[PDB]
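Heads up: the structure comes next, in structure tokens.
In full-length UniProt numbering, the protein residues as written are 557 to 662, 674 to 967.
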């Protein structure tokens, strides 16, 4: 219930908010408001009215926590995104990156994408994600999205209440050693309880947004990691067709459905935080995933390029900018059109662009797939010469 009924469109215009707010949040904030109004009139019972504010806010906090766990627990444990957000080290890293820190302000952020991708690839780049570890229903994602906006709003309202009380009774450090104790209209303990409820509503709001940000990314791994181990990219096709992976089609539908919900539930800069960076992550997934192919054929490369194109069109349309990292992943797979020897010539002619391991894994993939090399002794020799070509390129560049 408390994360379903949204406030009517005329309540938003009153409060001056341009995004859906939960009716339950509106109700508890109205009750706090009424309590705050009575403490100015019946100032003699200010403590009692304040204790009722804290209790009702604590009740709504507990009510939201319960609703959260119901969305986020699966088989008596957290889904991956929830597990990562709850984790201190991971949440600390994510909250320290410019895409979060500068979320509201209108390539440093592209380097922050590299850090998210590194953590995600490092821990998920070789894992099969079972269905019970992700959130499929957009209903749950939408519930998370306007729990975020609602609790962030409630945190702002609760913070204003605290600061109004604080400002009326604030003393300077020089005025402490003075005679007149007066009477603090509110005890420090009601103030501390109240300011912590405000922080708690913000922490809960931040968590929901983190979960949404990570959830789309985990979905990318769920659908794209099976891509490599399909045994479907080694087919020899003398004629070309518009065959591309159903998993990629499912990912696109998944991303689009989520894009639909977030746009109506979140402020734009929260929306952009969810969907920007997916291009970088997906390209990393596809480049890193090539090392799991047993065989690759020319038709398979054509199919992966269609996969990348389909994903590119969708993300470009969602983020309103071309995901250039997807071009980088396309160019990587186009390297596999070459022969094992031509691939080495490409590195000599145009320099080192991918990591050493990415080049080594490309050549090794070609050896497992192609036939224009022969015995293992010439393969080991070509592999060792590729490393020397990379060694030389580095030493040359560091000297100039």
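Built from N, CA and C at the ideal position, the CB exists for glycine as well.
Exercise. Answer yes if the segment 610-618 comes into contact with the segment 763-773, meaning at least three C-beta pairs across the two stretches below 8 Å, and no otherwise.
Key: yes
Quiz item: Just to confirm, are residue 865 and residue 879 a CB contact at a threshold of 8 Å?
Solution: no
Quiz item: What first and last residue would you give for the alpha helix (DSSP H) that runs through residue 768?
Solution: 755-795
Exercise. Look at residue 751 and residue 602 and say whether their C-beta atoms are less than 8 Å apart.
Key: no
Self-check item: Straight-line gap, residue 757 to residue 606 (C-alpha atoms, nearest Å)
Solution: 7 Å
Exercise. Return the CA-CA distance between residue 894 and residue 925, expressed in angstroms with no decimal places.
Key: 16 Å
Quiz item: So, are the CB atoms of residue 654 and residue 679 less than 8 Å apart?
Solution: yes
Quiz item: How many whole angstroms separate the CB atoms of residue 711 and residue 787, which I take to be in contact at a CB cut-off of 8 Å?
Solution: The Cβ separation is near 18 Å, so there is no contact.
Practice problem: Count the C-beta pairs between the segment 852-868 and the segment 730-743 that are closer than 8 Å, then say yes if the count reaches three, no if not. | Solution: no
Practice problem: Check the C-beta distance from residue 802 over to residue 856 and give it rounded, since I have them as a contact under 8 Å. | Solution: That pair is no contact at about 18 Å.
Quiz item: In chain order, what residues of the same chain have a beta carbon less than 7 Å from the beta carbon of residue 777, not counting five sequence neighbours either side?
Solution: 641, 647, 650
Self-check item: Bounding residues of the alpha helix (DSSP H) (the contiguous stretch that carries residue 912)
Solution: 907-917
Self-check item: Exposure label - residue 505; buried when at least 16 CB within 10 Å
Solution: The shown model of the chain, from 557 to 967, leaves out residue 505, and the question about it has no answer.
Exercise. Give every residue of the same chain whose Cβ lies closer than 7 Å to the Cβ of residue 863, excluding the five residues on either side of it in the sequence, and list them in chain order.
Key: 800, 801, 903, 932, 936
Quiz item: What are the boundary residues of the alpha helix (DSSP H) that includes residue 849?
Solution: 845-856
Exercise. Name the residue from 586, 690, 559 whose alpha carbon lies nearest to the alpha carbon of residue 570.
Key: 586
Quiz prompt | Span of the alpha helix (DSSP H) around residue 654 | solution = 654-657
Quiz prompt | Length of the line joining the Cα atoms of residue 930 and residue 897 | solution = 16 Å
Practice problem: Just grab the DSSP bridge partners of residue 629 for me. | Solution: 634
Quiz item: By DSSP, does residue 562 sit in helix, in strand, or in coil?
Solution: strand
Self-check item: Straight-line gap, residue 821 to residue 576 (C-alpha atoms, nearest Å)
Solution: 22 Å
Practice problem: Decide if residue 841 is buried, meaning its Cβ has at least 16 other Cβ atoms within 10 Å, or exposed. | Solution: buried
Quiz prompt | Cβ separation of residue 946 and residue 934, assumed to be a contact under 8 Å, to the nearest whole Å | solution = 5 Å
Quiz item: Which residues in the same chain have their Cβ closer than 6 Å to the Cβ of residue 843, if we skip the five residues on either side of it in sequence?
Solution: 886
Quiz prompt | Any 3 or more C-beta pairs closer than 8 Å across the segment 830-841 and the segment 713-720 | solution = yes
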